[PDB]
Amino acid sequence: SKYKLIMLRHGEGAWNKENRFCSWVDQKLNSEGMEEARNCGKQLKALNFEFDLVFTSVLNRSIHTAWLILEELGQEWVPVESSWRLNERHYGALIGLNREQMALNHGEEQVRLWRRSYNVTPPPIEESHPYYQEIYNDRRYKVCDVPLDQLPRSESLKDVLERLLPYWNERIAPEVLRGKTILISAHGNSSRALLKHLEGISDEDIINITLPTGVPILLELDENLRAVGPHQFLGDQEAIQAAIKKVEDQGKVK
């Protein structure tokens, strides 16, 4: 293809073992998630990736993932830019809740709908929510490209794409078209949104895409920045399939 792009979601964060929706809560990587980022960097080094620019969200776990990757590559000097527009989907009032408990109380199908639907919007987070203040009082959201009171209080995946697309179009895509090799260090839902756009995945088919943590995703793009074929997970496909199943199973009872 004319261009190649790498994107990924970070490895396990500090709420993964507790199986809680994390979203805009700024949890750090845990020890396993740090190792996943190192493994990504080693895999990218083995394939000779030489990045020219890295894009991340403003959540520290995506930034630390980038930094660990760049250290493994010996590319710490490569410019990094961060934007809330690559943040994980805002899960609203579901932030902090246990996915398995939700499946037990409401049905696995209900949790699957909440997690993977394109159109369904979670209930908005309210000021009484235990995690409201630590999100909206953070300085990183006082200096972003929209006013604090305009930031979402919950998002469908469609909403994520709507706020990610301007950043892709205005900032990332022009660099790809210059022939620069780009790394996008983001999150499960923000990566799914961008894949939906670049691959032309239907609203119905995007529900069945679950991305494994800490696995580089190669996208080959044509002159119009449309995918030439489906995304490719770089690694051992058996391990990758088990990693996908692991994410799916977070929403299953027992």
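One-based numbering along the sequence shown. The term rigid core refers to the most C-alpha atoms you can superpose between the two forms while keeping them within 1.5 Å.
RMS Cα deviation from the shown model in 8 other deposited structures of this protein, rigid core fit, is larger for 95-103 than for the other stretch of the pair 131-139 / 95-103. The segment moving more, judged by mean Cα distance from this form in 8 other deposited structures of this protein after a core overlay, is 116-124 among 169-177 and 116-124.
Mean CA B-factor, 105-113 versus 126-134: the higher value falls on 126-134. Here the stretch with the larger average CA B-factor, out of 61-69 and 191-199, is 191-199. Of the candidates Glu81, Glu170, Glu88, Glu155, the one whose C-alpha carries the top B factor in the deposited record is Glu170. Between the residues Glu35, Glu50, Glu204, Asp26, it is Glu204 that shows the highest Cα B-factor in the PDB record. In this PDB entry, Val253 carries a Cα temperature factor that places it within the highest third of its chain's modelled residues. Split the chain's modelled residues into thirds by C-alpha temperature factor. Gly179 is in the highest one.
When all modelled residues of the chain are sorted by CA temperature factor, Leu218 is found within the lowest third. Among the modelled residues of its chain, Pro147 has a C-alpha B-factor that falls in the highest third, as given in the PDB entry. Annotation for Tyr118: CA B-factor lies in the middle third of the chain's modelled residues.
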